[PDB]
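Heads up, the thing below is written out as structure tokens.
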RNA sequence: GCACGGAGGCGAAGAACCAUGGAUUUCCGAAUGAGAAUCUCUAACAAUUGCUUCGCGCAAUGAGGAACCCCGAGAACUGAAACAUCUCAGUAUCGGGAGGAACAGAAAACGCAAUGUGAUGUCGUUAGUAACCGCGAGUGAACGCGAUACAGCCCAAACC
RNA sequence: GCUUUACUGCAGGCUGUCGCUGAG
Ligand SMILES: [Cl-]
Ligand SMILES: [Cl-]
Ligand SMILES: [K+]
Ligand SMILES: [Mg+2]
Ligand SMILES: [Mg+2]
Ligand SMILES: [Mg+2]
Ligand SMILES: [Mg+2]
Ligand SMILES: [Mg+2]
Ligand SMILES: [Mg+2]
Ligand SMILES: [Mg+2]
Ligand SMILES: [Mg+2]
Ligand SMILES: [Mg+2]
Ligand code: NA
Ligand code: NA
Ligand code: NA
Ligand code: NA
Ligand code: NA
Ligand code: NA
Ligand code: NA
Ligand code: NA
Ligand code: NA
Ligand code: NA
Ligand code: NA
Ligand code: NA
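Chains as they are written, first to last, in the entry's author numbering: chain T, 1 to 81; chain N, 1 to 194; chain 2, 1 to 56; chain W, 1 to 65; chain 3, 1 to 31, 35 to 49; chain H, 1 to 119.
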């Protein structure tokens, strides 16, 4: 069985979204829907996902921009990994 | 004493005489309205069927098949041909109508295998034959000491390889002596000369 | 109009594409039939004896 | 290595699942560290983590869970 | 043109096969990518 | 139909079948076209029954004329399964022959008369 | 692993490696819920059949394989110093299908005619003989014999 | 490749006959 989340997509742009918009970026399985990405993310980091934007990348994988609620802090959730 | 069966046989010796003549005139009317291959609950010529291997048993199927009468339905040549091969009208197929009927029936029942077949008459343009097929996978047949032989894997698609009744006769394998030089053991082994 | 170089300009139509069955860029997307393996036309795989010398 | 087959069979169906979800997490975190160009790696483990996971899944199958 | 999800996956792979043999592989083999494909000079499938 | 030259009234058929049932218990009966045929041929037949819903008709076509040139009497039944049941079978029967009635040789003999009269 | 780097790791809890058996085994693919250039849409033996508890409940078929094998369809260049029958050739190629081998097979045979042989393939020979043929060019067996291997049976019907 | 009252054949059309096909 395949897992939803593959690993954190950490790049300059990914940082700006994390520091400035409280969003975490992930490399997810391309069969995964925004909904499945939202859930998975919550259950793995114990946070509240507000929105999820996806993109099928020219690397062959899927990339999801997950925005957390003002209650959660991206910078911190990412700092523990 | 005469078996009841002997009477069905006797009747079919002259299908254009007596009662059977009237039955045929009746039946064909419905037949002509039927399809190419129709499964029938009982053999029209019981003596014949039984004589061929038919049994009122599970896994034994019978089917009437209609085939057009006449020579080959052939397309004329579209390129150069020497006179000898420019033929169209007189060319006839090397497979007899009864064999065609057996193949059409068998294709309708992919899981079944042909056991034998016999003629049931013809009108001006059709020819009808009833094909007896068998279910090689139904126990009852697998357990029958007289039909189980057809269950063997070596018998998959008998008709298509001419291992049938009419198949072997059409292949010129009837005679064991003079005349079967290019026939037995197979046509192809003999360079296709019979 | 020349049938050569000048007539090569209108060639922006896609026909043959990577086939789902055999992997060859021979699936005619207009006909939905593979010219290489027969996909779309035949369940059996496309093959002929003339693809090799008669005695081989 | 650090996790042998006997030890996996000595676990209860529930301990394997708990141990499983645990390894998956170590793995995910290894991949995150890797994704971040993190050098504190130890390649022999991210590899062992995969095998360990395979063994547990293999046993869960043999045992019937 | 409009590419589909599968087409995109394939273009992705082709781009990836388009990298060079890593430096370490040269040392490890004591000594070429024959599948190098330029977007202009070459043509991909489909 | 092609072998049927006269129609047997529902009531007559009932008496006949009834007779047949007492025939299997008190006397003797042959079930099956082959077995029936041999009675007519061997002359041991007193009354033969022939269904009218037989297909193929070939199976029974001969009964009539055969019976005629053997003096044996015969009656028609509409349902194939009724004759089979009446003969005591769980299956149907195209033809039956009461080989020596039983506690019915009377009613029987009279059914033969009614039919001969039914032309 | 090929593959001889860097870093790191595994192995006496006997690893590597080999044999057997088992686990896992994405999507397309006969491809089978429906559609689609390997993806997608809302429970599926699609389709055709057998049995049938008449419910896809129990089953079958489909496609592949180096050639070999069996059943159908069937050229032309060429040869004849032209060419039509003939020849190339039942070849090439095409359609359908089986197996580990196929096919054939226990005489309505043979016919060294006999007071004889005794299922069938195949090999050697019979023999370029008999036979065919613008009686041109060309084509071309069989019985028998010597071998190989050997094996002989089941229905329909009568009578039940 | 083409032509035609060149040679030889082959489709096709017309026509007789047999089968389907029976009653007076
Ligand atoms: Cl078959
Ligand atoms: Cl001899
Ligand atoms: K020629
Ligand atoms: Mg989008
Ligand atoms: Mg052979
Ligand atoms: Mg041109
Ligand atoms: Mg790049
Ligand atoms: Mg599908
Ligand atoms: Mg010449
Ligand atoms: Mg000459
Ligand atoms: Mg020849
Ligand atoms: Mg001879
Ligand atoms: Na990645
Ligand atoms: Na079949
Ligand atoms: Na011949
Ligand atoms: Na290009
Ligand atoms: Na595998
Ligand atoms: Na199936
Ligand atoms: Na069903
Ligand atoms: Na010449
Ligand atoms: Na010439
Ligand atoms: Na000649
Ligand atoms: Na001799
Ligand atoms: Na020319």
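A virtual CB, placed ideally from N, CA and C, is assigned to each residue, including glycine.
Residue i at chain 3 interface by Cβ criterion, 8 Å
{"i": "residue 18 (chain 2)", "result": "yes"}
Same chain only: Cβ atoms within 6 Å of residue i, ignoring 5 sequence neighbours per side
{"i": "residue 170 (chain N)", "result": "96 and 99"}
{"i": "residue 116 (chain N)", "result": "52, 53, 132 and 165"}
{"i": "residue 42 (chain T)", "result": "49"}
{"i": "residue 52 (chain W)", "result": "3 and 23"}
{"i": "residue 52 (chain T)", "result": "34, 37, 38, 64 and 66"}
{"i": "residue 20 (chain W)", "result": "56"}
Chain N contact for residue i (CB, 8 Å cutoff)
{"i": "residue 41 (chain H)", "result": "yes"}
{"i": "residue 38 (chain H)", "result": "yes"}
{"i": "residue 85 (chain H)", "result": "no"}
{"i": "residue 80 (chain H)", "result": "no"}
{"i": "residue 91 (chain H)", "result": "no"}
{"i": "residue 99 (chain H)", "result": "no"}
{"i": "residue 33 (chain H)", "result": "yes"}
CB contact check: residue i to chain W, cutoff 8 Å
{"i": "residue 4 (chain T)", "result": "no"}
Within chain 2, partners of residue i - CB distance below 8 Å
{"i": "residue 48 (chain 3)", "result": "17, 18 and 25"}
Contacting residues, own chain, Cβ-Cβ under 8 Å from residue i (five flanking each side not counted)
{"i": "residue 69 (chain N)", "result": "97, 122, 124, 125, 126 and 127"}
{"i": "residue 92 (chain W)", "result": "Within the shown structure, residues of chain W are numbered from 1 to 65, placing residue 92 (chain W) beyond reach of any answer."}
{"i": "residue 155 (chain N)", "result": "113, 136, 149 and 163"}
{"i": "residue 157 (chain N)", "result": "106 and 113"}
Cβ distance (whole Å) where residue i is taken to contact residue j below 8 Å
{"i": "residue 8 (chain H)", "j": "residue 20 (chain H)", "result": "Wrong, their Cβ atoms sit about 14 Å apart, outside the cutoff."}
{"i": "residue 75 (chain T)", "j": "residue 18 (chain T)", "result": "6 Å"}
{"i": "residue 170 (chain H)", "j": "residue 79 (chain H)", "result": "Any answer about residue 170 (chain H) is impossible in this case: the structure gives chain H only from 1 up to 119."}
{"i": "residue 67 (chain H)", "j": "residue 40 (chain H)", "result": "5 Å"}
{"i": "residue 17 (chain 2)", "j": "residue 25 (chain 2)", "result": "6 Å"}
{"i": "residue 17 (chain H)", "j": "residue 98 (chain H)", "result": "Going by Cβ atoms, the distance from residue 17 (chain H) to residue 98 (chain H) rounds to 11 Å, so no, they are not a contact pair."}
{"i": "residue 29 (chain N)", "j": "residue 140 (chain N)", "result": "The Cβ separation is near 36 Å, so there is no contact."}
Chain T within 8 Å of residue i, Cβ atoms only
{"i": "residue 6 (chain 3)", "result": "no"}
{"i": "residue 29 (chain W)", "result": "yes"}
{"i": "residue 15 (chain 3)", "result": "yes"}
{"i": "residue 9 (chain 3)", "result": "yes"}
Cross-chain neighbours of residue i in chain T, by beta carbon under 8 Å
{"i": "residue 12 (chain 3)", "result": "57, 58, 59 and 60"}
Own chain, CB closer than 7 Å to residue i, minus 5 neighbours either side, in chain order
{"i": "residue 87 (chain H)", "result": "20, 24, 29, 31, 93 and 96"}
{"i": "residue 42 (chain W)", "result": "none"}
{"i": "residue 1 (chain W)", "result": "48"}
{"i": "residue 57 (chain T)", "result": "63"}
{"i": "residue 187 (chain N)", "result": "171 and 194"}
{"i": "residue 33 (chain H)", "result": "59, 60, 94 and 95"}
{"i": "residue 9 (chain N)", "result": "47"}
{"i": "residue 20 (chain 3)", "result": "36"}
Chain-ordered chain W contacts of residue i [CB-CB under 9 Å]
{"i": "residue 10 (chain T)", "result": "32, 35, 36 and 37"}
Residue i at chain H interface by Cβ criterion, 8 Å
{"i": "residue 7 (chain N)", "result": "yes"}
{"i": "residue 60 (chain N)", "result": "no"}
{"i": "residue 247 (chain N)", "result": "In the structure displayed, chain N extends from 1 to 194; residue 247 (chain N) sits before or after that span and is not available."}
{"i": "residue 45 (chain N)", "result": "yes"}
{"i": "residue 64 (chain N)", "result": "no"}
Chain-ordered chain H contacts of residue i [CB-CB under 7 Å]
{"i": "residue 23 (chain N)", "result": "2 and 57"}
{"i": "residue 19 (chain N)", "result": "2, 3 and 61"}
For review: beta carbons within less than 6 Å of any heavy atom in ligand 5: 185 (chain N) and 189 (chain N)
Please list, following the chain, all residues that have a C-beta closer than 7 Å to any non-hydrogen atom of ligand 4. 54 (chain T) and 55 (chain T)
Those residues, in chain order, that have a beta-carbon closer than 7 Å to some heavy atom of ligand 13: 6 (chain T), 7 (chain T), 27 (chain T), 59 (chain T) and 61 (chain T)
Lining residues of ligand 1 - beta-carbon closer than 6 Å to any non-hydrogen atom, in sequence order: 106 (chain N), 113 (chain N), 114 (chain N), 157 (chain N), 158 (chain N) and 159 (chain N)
Quick one: residues with CB closer than 7 Å to any heavy atom of ligand 16, in chain order, please. 42 (chain 3), 43 (chain 3), 45 (chain 3), 46 (chain 3) and 47 (chain 3)
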